[PDB]
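Asks: Supplied in structure tokens, the structure appears directly below.
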Protein chains: 2
Amino acid sequence: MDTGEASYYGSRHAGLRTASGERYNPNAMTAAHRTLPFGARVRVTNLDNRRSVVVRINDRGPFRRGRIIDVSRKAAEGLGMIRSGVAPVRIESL
Amino acid sequence: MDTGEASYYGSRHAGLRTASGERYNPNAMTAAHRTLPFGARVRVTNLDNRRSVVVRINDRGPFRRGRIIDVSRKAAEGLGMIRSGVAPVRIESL
């Protein structure tokens with residue numbers, strides 16, 4: 001398990017290529033991580049509300065120290081983080 | 001005044017430098033535009049729901065064909081466009 005800040009992608013990225021080759025899709029359950037293999041499944045828990053989702057890694061970044069994962073819009077909805085923008089999260093590779 | 005398609009920055013970009021030099025802050029009321037001066041204040045109206053907000057220009061882009069402005073996360077929330085991703089907008093210089 002690891003911990004850090006989560007963010008979510010803006011829609012300005014929708015349709016643009018991720019590092020995995022997939023075009024970023026706000027409706028997918030995808031995320032960026034610096035090192036996990038593409039396709040890795042990760043349980044993300046928002047430590048502010050205890051909501052959790054499972055995402056699939058398809059991109060690189062994040063781009064700031066202290067930020068551990070960037071998730072899709074749909075994942076952010078599942079995490080209850082749309083209004084907060086960011087949240088402290090636990091992550092666990094599955 | 002002009003009309004065109006808008007998208008938004010989320011929080012993935014938070015902390016990264018804009019073309020104006022300031023770090024992008026998803027909680028600020030800001031936007032990227034190709035031509036308006038940095039510091040320009042504009043009213044952005046979502047033409048689908050008629051919501052409006054005021055933002056200041058602090059970045060350059062979108063460098064996507066078929067988009068006229070990319071607003072901050074907080075602005076997108078105010079415009080009701082988080083889920084839609086894109087929205088038709090009018091921009092009016094103040």
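Residue numbers start at 1 in each chain; chains themselves are named A, B, ... in the order of the structure tokens; ligands are numbered from 1 in the order shown.
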Could you give me, as number ranges by chain, the residues within 9 Å of range 63-72 of chain A, counting only C-alpha atoms and dropping anything in the same chain fewer than 3 positions from it?
Replies: A: 2-10, 24-34, 44, 55, 59-60, 75-77, 88-89, 91; B: 11-16
Asks: Could you save those same residues with N, CA and C atoms as an mmCIF file, in the first residue's frame?
Replies:
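Wrote selection-v6.cif, looks like this:
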data_model
loop_
_atom_site.group_PDB
_atom_site.id
_atom_site.type_symbol
_atom_site.label_atom_id
_atom_site.label_comp_id
_atom_site.auth_asym_id
_atom_site.auth_seq_id
_atom_site.Cartn_x
_atom_site.Cartn_y
_atom_site.Cartn_z
ATOM 1 N N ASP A 2 0.360 2.313 -0.625
ATOM 2 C CA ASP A 2 1.047 3.595 -0.657
ATOM 3 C C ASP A 2 0.001 4.695 -0.489
ATOM 4 N N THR A 3 0.473 5.899 -0.247
ATOM 5 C CA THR A 3 -0.378 7.045 0.035
ATOM 6 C C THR A 3 0.165 8.264 -0.667
ATOM 7 N N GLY A 4 -0.735 9.120 -1.148
ATOM 8 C CA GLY A 4 -0.352 10.413 -1.672
ATOM 9 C C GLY A 4 -1.592 11.155 -2.120
ATOM 10 N N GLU A 5 -1.393 12.291 -2.776
ATOM 11 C CA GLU A 5 -2.506 13.057 -3.312
ATOM 12 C C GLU A 5 -2.986 12.448 -4.620
ATOM 13 N N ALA A 6 -4.296 12.394 -4.805
ATOM 14 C CA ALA A 6 -4.923 12.078 -6.098
ATOM 15 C C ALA A 6 -5.474 13.355 -6.703
ATOM 16 N N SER A 7 -5.421 13.412 -8.031
ATOM 17 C CA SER A 7 -6.066 14.451 -8.826
ATOM 18 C C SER A 7 -6.939 13.784 -9.876
ATOM 19 N N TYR A 8 -7.643 14.594 -10.673
ATOM 20 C CA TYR A 8 -8.337 14.059 -11.838
ATOM 21 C C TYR A 8 -8.071 14.891 -13.075
ATOM 22 N N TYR A 9 -8.118 14.213 -14.213
ATOM 23 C CA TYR A 9 -7.880 14.843 -15.507
ATOM 24 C C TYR A 9 -8.979 15.844 -15.867
ATOM 25 N N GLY A 10 -8.573 16.940 -16.481
ATOM 26 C CA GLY A 10 -9.526 17.800 -17.165
ATOM 27 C C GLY A 10 -9.998 17.203 -18.475
ATOM 28 N N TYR A 24 -7.270 9.318 -23.966
ATOM 29 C CA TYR A 24 -7.878 9.514 -22.660
ATOM 30 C C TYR A 24 -9.406 9.627 -22.805
ATOM 31 N N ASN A 25 -10.117 8.863 -21.988
ATOM 32 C CA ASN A 25 -11.561 8.817 -22.017
ATOM 33 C C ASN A 25 -12.090 9.077 -20.604
ATOM 34 N N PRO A 26 -12.720 10.239 -20.375
ATOM 35 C CA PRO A 26 -13.278 10.540 -19.049
ATOM 36 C C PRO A 26 -14.258 9.515 -18.500
ATOM 37 N N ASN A 27 -14.888 8.741 -19.378
ATOM 38 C CA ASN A 27 -15.844 7.706 -18.985
ATOM 39 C C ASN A 27 -15.242 6.352 -18.647
ATOM 40 N N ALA A 28 -13.939 6.195 -18.858
ATOM 41 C CA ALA A 28 -13.229 4.971 -18.495
ATOM 42 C C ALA A 28 -12.826 5.043 -17.019
ATOM 43 N N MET A 29 -12.441 3.907 -16.446
ATOM 44 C CA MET A 29 -11.926 3.845 -15.072
ATOM 45 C C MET A 29 -10.420 3.666 -15.126
ATOM 46 N N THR A 30 -9.739 4.726 -15.528
ATOM 47 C CA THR A 30 -8.314 4.689 -15.811
ATOM 48 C C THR A 30 -7.580 5.698 -14.946
ATOM 49 N N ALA A 31 -6.259 5.531 -14.885
ATOM 50 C CA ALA A 31 -5.417 6.399 -14.094
ATOM 51 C C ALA A 31 -3.974 6.406 -14.576
ATOM 52 N N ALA A 32 -3.272 7.452 -14.157
ATOM 53 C CA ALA A 32 -1.841 7.629 -14.352
ATOM 54 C C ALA A 32 -1.078 7.310 -13.087
ATOM 55 N N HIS A 33 0.055 6.627 -13.240
ATOM 56 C CA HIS A 33 0.963 6.319 -12.144
ATOM 57 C C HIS A 33 2.362 6.321 -12.707
ATOM 58 N N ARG A 34 3.357 6.658 -11.899
ATOM 59 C CA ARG A 34 4.716 6.810 -12.440
ATOM 60 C C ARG A 34 5.370 5.519 -12.889
ATOM 61 N N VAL A 44 -8.156 2.414 -5.169
ATOM 62 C CA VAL A 44 -7.902 3.753 -4.665
ATOM 63 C C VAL A 44 -8.976 4.069 -3.626
ATOM 64 N N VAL A 55 -9.199 1.295 -10.467
ATOM 65 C CA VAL A 55 -8.799 1.864 -11.754
ATOM 66 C C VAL A 55 -7.723 1.007 -12.398
ATOM 67 N N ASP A 59 -1.447 5.484 -18.130
ATOM 68 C CA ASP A 59 -0.740 6.724 -18.416
ATOM 69 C C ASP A 59 0.363 6.952 -17.394
ATOM 70 N N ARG A 60 1.253 7.876 -17.738
ATOM 71 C CA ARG A 60 2.316 8.343 -16.877
ATOM 72 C C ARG A 60 1.990 9.738 -16.366
ATOM 73 N N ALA A 75 -13.815 7.998 -12.419
ATOM 74 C CA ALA A 75 -13.225 7.509 -11.172
ATOM 75 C C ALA A 75 -13.343 8.561 -10.068
ATOM 76 N N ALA A 76 -13.130 9.824 -10.415
ATOM 77 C CA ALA A 76 -13.262 10.911 -9.447
ATOM 78 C C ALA A 76 -14.674 10.999 -8.889
ATOM 79 N N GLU A 77 -15.672 10.763 -9.738
ATOM 80 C CA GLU A 77 -17.063 10.684 -9.265
ATOM 81 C C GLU A 77 -17.237 9.564 -8.245
ATOM 82 N N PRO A 88 -6.434 13.175 -0.418
ATOM 83 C CA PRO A 88 -5.468 12.165 0.006
ATOM 84 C C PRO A 88 -6.041 10.785 -0.249
ATOM 85 N N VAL A 89 -5.238 9.890 -0.820
ATOM 86 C CA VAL A 89 -5.681 8.551 -1.116
ATOM 87 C C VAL A 89 -4.682 7.511 -0.639
ATOM 88 N N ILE A 91 -3.508 3.792 -2.086
ATOM 89 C CA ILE A 91 -3.568 2.927 -3.253
ATOM 90 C C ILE A 91 -3.024 1.554 -2.912
ATOM 91 N N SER B 11 -7.542 18.816 -12.031
ATOM 92 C CA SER B 11 -6.502 19.016 -11.027
ATOM 93 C C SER B 11 -5.183 18.327 -11.375
ATOM 94 N N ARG B 12 -5.141 17.504 -12.430
ATOM 95 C CA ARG B 12 -3.876 16.866 -12.846
ATOM 96 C C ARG B 12 -2.787 17.918 -13.094
ATOM 97 N N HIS B 13 -3.174 19.042 -13.680
ATOM 98 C CA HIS B 13 -2.274 20.123 -14.037
ATOM 99 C C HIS B 13 -1.928 21.029 -12.868
ATOM 100 N N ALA B 14 -2.543 20.818 -11.702
ATOM 101 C CA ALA B 14 -2.345 21.721 -10.576
ATOM 102 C C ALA B 14 -0.886 21.837 -10.222
ATOM 103 N N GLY B 15 -0.433 23.071 -10.049
ATOM 104 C CA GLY B 15 0.930 23.346 -9.654
ATOM 105 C C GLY B 15 1.891 23.563 -10.813
ATOM 106 N N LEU B 16 1.490 23.218 -12.036
ATOM 107 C CA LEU B 16 2.346 23.398 -13.207
ATOM 108 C C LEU B 16 2.239 24.823 -13.707
#
Asks: Using the chain letters and numbers from this document, which residues of chain A does DSSP assign to strand (DSSP E), as a ChimeraX atom specification?
Replies: /A:2-8,30-32,41-46,52-59,67-71,87-93
Asks: Please compute the CA of residue 37 in chain B-CA of residue 51 in chain B distance, one decimal, in Å.
Replies: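 Pair CA of residue 37 in chain B / CA of residue 51 in chain B returns 23.9 Å.
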Asks: Report, in Å to a single decimal, how far apart CA of residue 41 in chain A and CA of residue 57 in chain A are.
Replies: 6.6 Å
Asks: Write out the coordinates of chain B as a short mmCIF file (atom, residue, chain, number, x, y, z; two decimals) with N, CA, C and O atoms, in the first residue's frame after a least-squares overlay onto chain A built on all ordered Cα pairs.
Replies:
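part-v6.cif was written with the following content:
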data_model
loop_
_atom_site.label_atom_id
_atom_site.label_comp_id
_atom_site.auth_asym_id
_atom_site.auth_seq_id
_atom_site.Cartn_x
_atom_site.Cartn_y
_atom_site.Cartn_z
N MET B 1 1.05 -1.47 -1.59
CA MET B 1 0.16 -0.35 -1.16
C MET B 1 0.97 0.91 -0.87
O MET B 1 2.11 0.85 -0.40
N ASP B 2 0.34 2.05 -1.13
CA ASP B 2 0.94 3.34 -0.86
C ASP B 2 -0.13 4.39 -0.59
O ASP B 2 -1.28 4.18 -0.93
N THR B 3 0.27 5.51 -0.01
CA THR B 3 -0.64 6.61 0.23
C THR B 3 0.00 7.90 -0.23
O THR B 3 1.22 8.06 -0.22
N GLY B 4 -0.85 8.83 -0.64
CA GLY B 4 -0.39 10.11 -1.14
C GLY B 4 -1.56 10.92 -1.69
O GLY B 4 -2.71 10.51 -1.56
N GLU B 5 -1.25 12.06 -2.27
CA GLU B 5 -2.29 12.96 -2.78
C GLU B 5 -2.67 12.57 -4.21
O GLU B 5 -1.82 12.25 -5.02
N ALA B 6 -3.97 12.61 -4.50
CA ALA B 6 -4.49 12.38 -5.84
C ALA B 6 -5.13 13.62 -6.40
O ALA B 6 -5.72 14.41 -5.66
N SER B 7 -5.07 13.76 -7.72
CA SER B 7 -5.93 14.69 -8.45
C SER B 7 -6.58 13.94 -9.61
O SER B 7 -6.58 12.70 -9.64
N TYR B 8 -7.19 14.67 -10.54
CA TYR B 8 -7.91 14.02 -11.63
C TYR B 8 -7.79 14.78 -12.95
O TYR B 8 -7.59 16.00 -12.99
N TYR B 9 -7.92 14.00 -14.01
CA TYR B 9 -8.20 14.49 -15.35
C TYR B 9 -9.69 14.77 -15.47
O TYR B 9 -10.51 14.02 -14.97
N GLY B 10 -10.02 15.85 -16.19
CA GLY B 10 -11.39 16.18 -16.50
C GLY B 10 -11.73 15.65 -17.87
O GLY B 10 -11.41 14.52 -18.23
N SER B 11 -12.36 16.49 -18.68
CA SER B 11 -12.64 16.15 -20.07
C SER B 11 -11.82 16.97 -21.07
O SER B 11 -11.86 16.67 -22.26
N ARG B 12 -11.08 17.99 -20.62
CA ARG B 12 -10.23 18.78 -21.53
C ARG B 12 -9.26 17.86 -22.29
O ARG B 12 -9.01 18.07 -23.48
N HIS B 13 -8.73 16.86 -21.61
CA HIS B 13 -7.76 15.92 -22.15
C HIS B 13 -8.38 14.83 -22.99
O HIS B 13 -7.66 14.01 -23.58
N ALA B 14 -9.72 14.76 -23.06
CA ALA B 14 -10.38 13.67 -23.75
C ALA B 14 -9.92 13.57 -25.18
O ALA B 14 -9.88 14.57 -25.92
N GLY B 15 -9.59 12.35 -25.60
CA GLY B 15 -9.18 12.09 -26.96
C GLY B 15 -7.68 12.17 -27.20
O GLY B 15 -7.22 11.74 -28.26
N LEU B 16 -6.92 12.72 -26.25
CA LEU B 16 -5.47 12.83 -26.39
C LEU B 16 -4.82 11.53 -25.98
O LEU B 16 -5.32 10.80 -25.12
N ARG B 17 -3.71 11.22 -26.61
CA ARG B 17 -3.03 9.96 -26.36
C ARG B 17 -2.35 9.94 -25.00
O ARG B 17 -1.62 10.85 -24.65
N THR B 18 -2.55 8.86 -24.27
CA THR B 18 -1.81 8.57 -23.04
C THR B 18 -0.47 7.92 -23.36
O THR B 18 -0.19 7.54 -24.50
N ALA B 19 0.37 7.75 -22.33
CA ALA B 19 1.67 7.08 -22.49
C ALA B 19 1.54 5.62 -22.92
O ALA B 19 2.47 5.07 -23.50
N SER B 20 0.41 4.98 -22.62
CA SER B 20 0.15 3.62 -23.08
C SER B 20 -0.26 3.56 -24.56
O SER B 20 -0.34 2.47 -25.12
N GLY B 21 -0.57 4.70 -25.17
CA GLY B 21 -1.03 4.77 -26.56
C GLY B 21 -2.51 4.98 -26.74
O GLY B 21 -2.93 5.52 -27.75
N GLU B 22 -3.31 4.55 -25.78
CA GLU B 22 -4.75 4.69 -25.95
C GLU B 22 -5.20 6.12 -25.68
O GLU B 22 -4.59 6.84 -24.88
N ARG B 23 -6.26 6.53 -26.34
CA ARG B 23 -6.79 7.87 -26.12
C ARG B 23 -7.45 7.92 -24.75
O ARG B 23 -8.19 7.00 -24.36
N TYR B 24 -7.19 8.99 -24.01
CA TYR B 24 -7.84 9.18 -22.73
C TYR B 24 -9.35 9.30 -22.93
O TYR B 24 -9.83 10.05 -23.77
N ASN B 25 -10.09 8.55 -22.12
CA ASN B 25 -11.54 8.53 -22.15
C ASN B 25 -12.03 8.91 -20.75
O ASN B 25 -11.84 8.12 -19.81
N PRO B 26 -12.65 10.08 -20.59
CA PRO B 26 -13.06 10.49 -19.25
C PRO B 26 -14.11 9.58 -18.63
O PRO B 26 -14.28 9.63 -17.42
N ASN B 27 -14.78 8.77 -19.43
CA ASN B 27 -15.78 7.84 -18.92
C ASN B 27 -15.22 6.48 -18.53
O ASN B 27 -15.96 5.65 -18.00
N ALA B 28 -13.94 6.25 -18.79
CA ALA B 28 -13.27 5.01 -18.41
C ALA B 28 -12.75 5.14 -16.97
O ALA B 28 -12.62 6.24 -16.45
N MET B 29 -12.45 4.00 -16.36
CA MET B 29 -11.90 3.93 -15.00
C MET B 29 -10.40 3.68 -15.10
O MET B 29 -9.93 2.54 -15.03
N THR B 30 -9.66 4.77 -15.27
CA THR B 30 -8.23 4.72 -15.56
C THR B 30 -7.47 5.72 -14.71
O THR B 30 -8.05 6.59 -14.06
N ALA B 31 -6.15 5.61 -14.73
CA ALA B 31 -5.31 6.54 -13.99
C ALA B 31 -3.90 6.58 -14.55
O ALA B 31 -3.43 5.63 -15.20
N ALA B 32 -3.24 7.68 -14.21
CA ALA B 32 -1.81 7.89 -14.44
C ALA B 32 -1.05 7.62 -13.14
O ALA B 32 -1.44 8.09 -12.06
N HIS B 33 0.06 6.91 -13.25
CA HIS B 33 0.94 6.62 -12.13
C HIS B 33 2.36 6.60 -12.66
O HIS B 33 2.58 6.28 -13.83
N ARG B 34 3.33 6.92 -11.82
CA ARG B 34 4.71 7.02 -12.33
C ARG B 34 5.38 5.68 -12.60
O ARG B 34 6.28 5.59 -13.42
N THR B 35 4.99 4.64 -11.86
CA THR B 35 5.74 3.39 -11.90
C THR B 35 4.94 2.13 -12.17
O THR B 35 5.52 1.17 -12.68
N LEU B 36 3.64 2.08 -11.85
CA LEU B 36 2.90 0.84 -12.01
C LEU B 36 2.83 0.44 -13.48
O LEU B 36 2.72 1.29 -14.36
N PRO B 37 2.84 -0.87 -13.75
CA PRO B 37 2.72 -1.30 -15.14
C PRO B 37 1.40 -0.85 -15.79
O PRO B 37 0.36 -0.84 -15.14
N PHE B 38 1.43 -0.53 -17.08
CA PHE B 38 0.19 -0.30 -17.81
C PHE B 38 -0.65 -1.58 -17.75
O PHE B 38 -0.14 -2.68 -17.96
N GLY B 39 -1.93 -1.40 -17.44
CA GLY B 39 -2.83 -2.52 -17.27
C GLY B 39 -3.02 -2.93 -15.82
O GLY B 39 -3.97 -3.64 -15.51
N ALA B 40 -2.14 -2.51 -14.92
CA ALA B 40 -2.30 -2.85 -13.51
C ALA B 40 -3.65 -2.36 -13.02
O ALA B 40 -4.03 -1.21 -13.26
N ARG B 41 -4.34 -3.21 -12.28
CA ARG B 41 -5.61 -2.87 -11.64
C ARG B 41 -5.34 -2.54 -10.18
O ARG B 41 -4.66 -3.29 -9.47
N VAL B 42 -5.84 -1.39 -9.74
CA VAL B 42 -5.64 -0.95 -8.37
C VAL B 42 -6.93 -0.40 -7.79
O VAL B 42 -7.73 0.25 -8.45
N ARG B 43 -7.10 -0.67 -6.49
CA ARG B 43 -8.16 -0.04 -5.71
C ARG B 43 -7.63 1.27 -5.15
O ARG B 43 -6.60 1.29 -4.49
N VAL B 44 -8.35 2.34 -5.41
CA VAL B 44 -8.03 3.66 -4.90
C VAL B 44 -9.11 4.00 -3.88
O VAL B 44 -10.30 3.96 -4.20
N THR B 45 -8.69 4.36 -2.67
CA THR B 45 -9.60 4.75 -1.60
C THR B 45 -9.33 6.18 -1.21
O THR B 45 -8.19 6.53 -0.89
N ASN B 46 -10.36 7.01 -1.25
CA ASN B 46 -10.32 8.37 -0.73
C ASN B 46 -10.33 8.30 0.79
O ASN B 46 -11.29 7.80 1.37
N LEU B 47 -9.24 8.73 1.42
CA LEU B 47 -9.10 8.55 2.86
C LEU B 47 -9.93 9.53 3.67
O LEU B 47 -10.09 9.33 4.88
N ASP B 48 -10.47 10.57 3.03
CA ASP B 48 -11.37 11.51 3.72
C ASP B 48 -12.80 10.98 3.81
O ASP B 48 -13.43 11.12 4.85
N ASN B 49 -13.33 10.40 2.74
CA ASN B 49 -14.72 9.92 2.74
C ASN B 49 -14.85 8.41 2.67
O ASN B 49 -15.95 7.88 2.78
N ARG B 50 -13.72 7.72 2.53
CA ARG B 50 -13.64 6.27 2.49
C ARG B 50 -14.28 5.62 1.26
O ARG B 50 -14.35 4.40 1.20
N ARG B 51 -14.66 6.43 0.27
CA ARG B 51 -15.11 5.89 -1.01
C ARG B 51 -13.98 5.18 -1.70
O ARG B 51 -12.82 5.60 -1.60
N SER B 52 -14.31 4.16 -2.46
CA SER B 52 -13.30 3.48 -3.24
C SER B 52 -13.79 3.11 -4.61
O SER B 52 -14.99 2.91 -4.84
N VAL B 53 -12.82 3.01 -5.52
CA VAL B 53 -13.05 2.59 -6.89
C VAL B 53 -11.89 1.72 -7.34
O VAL B 53 -10.83 1.73 -6.72
N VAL B 54 -12.07 1.00 -8.44
CA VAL B 54 -10.99 0.27 -9.10
C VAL B 54 -10.70 0.95 -10.44
O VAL B 54 -11.60 1.26 -11.21
N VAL B 55 -9.41 1.22 -10.67
CA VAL B 55 -8.95 1.76 -11.94
C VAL B 55 -7.83 0.90 -12.52
O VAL B 55 -7.17 0.14 -11.81
N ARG B 56 -7.62 1.06 -13.82
CA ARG B 56 -6.47 0.47 -14.50
C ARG B 56 -5.49 1.57 -14.91
O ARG B 56 -5.89 2.67 -15.35
N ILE B 57 -4.20 1.30 -14.76
CA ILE B 57 -3.18 2.28 -15.12
C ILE B 57 -3.00 2.31 -16.63
O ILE B 57 -2.78 1.27 -17.27
N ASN B 58 -3.09 3.50 -17.22
CA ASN B 58 -2.88 3.64 -18.67
C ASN B 58 -2.03 4.85 -19.05
O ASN B 58 -1.92 5.17 -20.23
N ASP B 59 -1.41 5.52 -18.08
CA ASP B 59 -0.70 6.75 -18.37
C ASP B 59 0.38 6.97 -17.33
O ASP B 59 0.38 6.32 -16.28
N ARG B 60 1.29 7.88 -17.66
CA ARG B 60 2.42 8.23 -16.80
C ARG B 60 2.27 9.62 -16.28
O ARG B 60 1.89 10.54 -17.01
N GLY B 61 2.60 9.78 -15.02
CA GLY B 61 2.49 11.00 -14.29
C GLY B 61 1.93 10.56 -12.95
O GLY B 61 1.81 9.37 -12.72
N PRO B 62 1.59 11.50 -12.09
CA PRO B 62 1.70 12.93 -12.23
C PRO B 62 3.14 13.37 -12.24
O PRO B 62 3.96 12.76 -11.58
N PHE B 63 3.47 14.41 -12.99
CA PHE B 63 4.83 14.94 -12.91
C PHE B 63 4.85 16.25 -12.10
O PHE B 63 5.59 17.19 -12.37
N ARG B 64 4.04 16.22 -11.05
CA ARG B 64 3.83 17.29 -10.06
C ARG B 64 4.42 16.77 -8.77
O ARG B 64 4.16 15.62 -8.40
N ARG B 65 5.17 17.59 -8.05
CA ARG B 65 5.61 17.18 -6.71
C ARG B 65 4.41 17.16 -5.75
O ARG B 65 3.53 18.02 -5.82
N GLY B 66 4.36 16.16 -4.87
CA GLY B 66 3.25 16.07 -3.93
C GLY B 66 1.99 15.46 -4.52
O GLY B 66 0.89 15.78 -4.05
N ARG B 67 2.10 14.62 -5.56
CA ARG B 67 0.96 13.82 -6.05
C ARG B 67 1.42 12.42 -6.45
O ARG B 67 2.46 12.28 -7.11
N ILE B 68 0.63 11.40 -6.11
CA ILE B 68 0.97 10.03 -6.44
C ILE B 68 0.16 9.42 -7.59
O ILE B 68 0.60 8.44 -8.19
N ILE B 69 -1.02 9.95 -7.87
CA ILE B 69 -1.89 9.37 -8.91
C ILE B 69 -2.82 10.45 -9.41
O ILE B 69 -3.24 11.32 -8.63
N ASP B 70 -3.15 10.41 -10.70
CA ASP B 70 -4.20 11.25 -11.28
C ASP B 70 -5.20 10.32 -11.94
O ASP B 70 -4.86 9.57 -12.86
N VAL B 71 -6.44 10.35 -11.46
CA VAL B 71 -7.46 9.43 -11.94
C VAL B 71 -8.32 10.09 -13.02
O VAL B 71 -8.34 11.31 -13.18
N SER B 72 -9.05 9.26 -13.76
CA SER B 72 -9.98 9.76 -14.78
C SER B 72 -11.14 10.51 -14.15
O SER B 72 -11.43 10.39 -12.96
N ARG B 73 -11.87 11.25 -14.99
CA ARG B 73 -13.00 12.02 -14.51
C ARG B 73 -14.03 11.11 -13.84
O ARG B 73 -14.53 11.42 -12.76
N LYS B 74 -14.36 10.00 -14.49
CA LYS B 74 -15.36 9.10 -13.93
C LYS B 74 -14.90 8.52 -12.59
O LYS B 74 -15.70 8.36 -11.67
N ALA B 75 -13.61 8.20 -12.49
CA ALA B 75 -13.08 7.71 -11.23
C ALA B 75 -13.18 8.77 -10.13
O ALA B 75 -13.49 8.47 -8.98
N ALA B 76 -12.88 10.02 -10.48
CA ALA B 76 -12.97 11.12 -9.53
C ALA B 76 -14.39 11.31 -9.03
O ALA B 76 -14.61 11.58 -7.84
N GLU B 77 -15.37 11.17 -9.92
CA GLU B 77 -16.77 11.18 -9.53
C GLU B 77 -17.06 10.06 -8.52
O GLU B 77 -17.68 10.29 -7.49
N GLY B 78 -16.58 8.86 -8.81
CA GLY B 78 -16.79 7.73 -7.90
C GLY B 78 -16.12 7.92 -6.54
O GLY B 78 -16.59 7.42 -5.53
N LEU B 79 -15.01 8.66 -6.53
CA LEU B 79 -14.29 8.96 -5.31
C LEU B 79 -14.82 10.19 -4.57
O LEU B 79 -14.37 10.49 -3.46
N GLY B 80 -15.79 10.88 -5.16
CA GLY B 80 -16.35 12.07 -4.53
C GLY B 80 -15.39 13.24 -4.41
O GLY B 80 -15.49 14.02 -3.48
N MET B 81 -14.44 13.35 -5.34
CA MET B 81 -13.37 14.35 -5.24
C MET B 81 -13.44 15.44 -6.30
O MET B 81 -12.50 16.21 -6.44
N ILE B 82 -14.53 15.53 -7.06
CA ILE B 82 -14.60 16.54 -8.12
C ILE B 82 -14.48 17.95 -7.55
O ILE B 82 -13.70 18.77 -8.04
N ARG B 83 -15.24 18.26 -6.51
CA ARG B 83 -15.21 19.58 -5.93
C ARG B 83 -13.93 19.84 -5.15
O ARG B 83 -13.34 20.92 -5.27
N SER B 84 -13.48 18.87 -4.36
CA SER B 84 -12.28 19.06 -3.57
C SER B 84 -11.03 19.22 -4.42
O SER B 84 -10.07 19.83 -3.99
N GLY B 85 -11.04 18.62 -5.60
CA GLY B 85 -9.94 18.73 -6.55
C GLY B 85 -8.84 17.73 -6.27
O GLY B 85 -8.48 16.91 -7.14
N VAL B 86 -8.33 17.77 -5.06
CA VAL B 86 -7.37 16.79 -4.55
C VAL B 86 -8.05 15.98 -3.47
O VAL B 86 -9.08 16.38 -2.90
N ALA B 87 -7.45 14.84 -3.18
CA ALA B 87 -7.89 14.01 -2.06
C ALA B 87 -6.72 13.19 -1.58
O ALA B 87 -5.88 12.78 -2.39
N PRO B 88 -6.67 12.87 -0.28
CA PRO B 88 -5.70 11.89 0.20
C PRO B 88 -6.19 10.51 -0.21
O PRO B 88 -7.38 10.22 -0.04
N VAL B 89 -5.31 9.66 -0.72
CA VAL B 89 -5.71 8.34 -1.14
C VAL B 89 -4.74 7.27 -0.68
O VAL B 89 -3.56 7.52 -0.45
N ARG B 90 -5.29 6.06 -0.57
CA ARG B 90 -4.52 4.82 -0.54
C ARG B 90 -4.71 4.11 -1.87
O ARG B 90 -5.81 4.10 -2.43
N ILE B 91 -3.63 3.54 -2.38
CA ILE B 91 -3.67 2.70 -3.57
C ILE B 91 -3.24 1.30 -3.19
O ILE B 91 -2.23 1.12 -2.50
N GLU B 92 -4.01 0.30 -3.63
CA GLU B 92 -3.74 -1.11 -3.36
C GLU B 92 -3.78 -1.89 -4.67
O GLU B 92 -4.79 -1.89 -5.36
N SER B 93 -2.68 -2.54 -5.03
CA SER B 93 -2.62 -3.36 -6.24
C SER B 93 -3.49 -4.57 -6.07
O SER B 93 -3.46 -5.23 -5.03
N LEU B 94 -4.23 -4.90 -7.12
CA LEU B 94 -5.08 -6.07 -7.10
C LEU B 94 -4.43 -7.22 -7.87
O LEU B 94 -3.44 -7.06 -8.61
#
Asks: List every residue of chain B that DSSP, applied to the backbone of this structure, places in helix (DSSP H, G or I), and write the result as a ChimeraX atom specification.
Replies: /B:73-78
Asks: With N, CA and C atoms retained, write the just-selected residues as a PDB file, in the first residue's frame.
Replies:
ATOM      1  N   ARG B  73     -10.795  24.217 -13.253  1.00  0.00           N
ATOM      2  CA  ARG B  73     -11.730  23.256 -12.693  1.00  0.00           C
ATOM      3  C   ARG B  73     -12.880  23.971 -11.983  1.00  0.00           C
ATOM      4  N   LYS B  74     -12.558  24.957 -11.159  1.00  0.00           N
ATOM      5  CA  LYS B  74     -13.596  25.668 -10.420  1.00  0.00           C
ATOM      6  C   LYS B  74     -14.551  26.397 -11.367  1.00  0.00           C
ATOM      7  N   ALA B  75     -14.016  26.977 -12.436  1.00  0.00           N
ATOM      8  CA  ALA B  75     -14.863  27.630 -13.421  1.00  0.00           C
ATOM      9  C   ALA B  75     -15.795  26.621 -14.104  1.00  0.00           C
ATOM     10  N   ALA B  76     -15.269  25.446 -14.425  1.00  0.00           N
ATOM     11  CA  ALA B  76     -16.066  24.395 -15.048  1.00  0.00           C
ATOM     12  C   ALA B  76     -17.204  23.944 -14.145  1.00  0.00           C
ATOM     13  N   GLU B  77     -16.928  23.838 -12.844  1.00  0.00           N
ATOM     14  CA  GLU B  77     -17.973  23.564 -11.866  1.00  0.00           C
ATOM     15  C   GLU B  77     -19.051  24.650 -11.908  1.00  0.00           C
ATOM     16  N   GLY B  78     -18.635  25.910 -11.919  1.00  0.00           N
ATOM     17  CA  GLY B  78     -19.597  27.015 -11.982  1.00  0.00           C
ATOM     18  C   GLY B  78     -20.417  27.032 -13.261  1.00  0.00           C
TER      19      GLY B  78
END
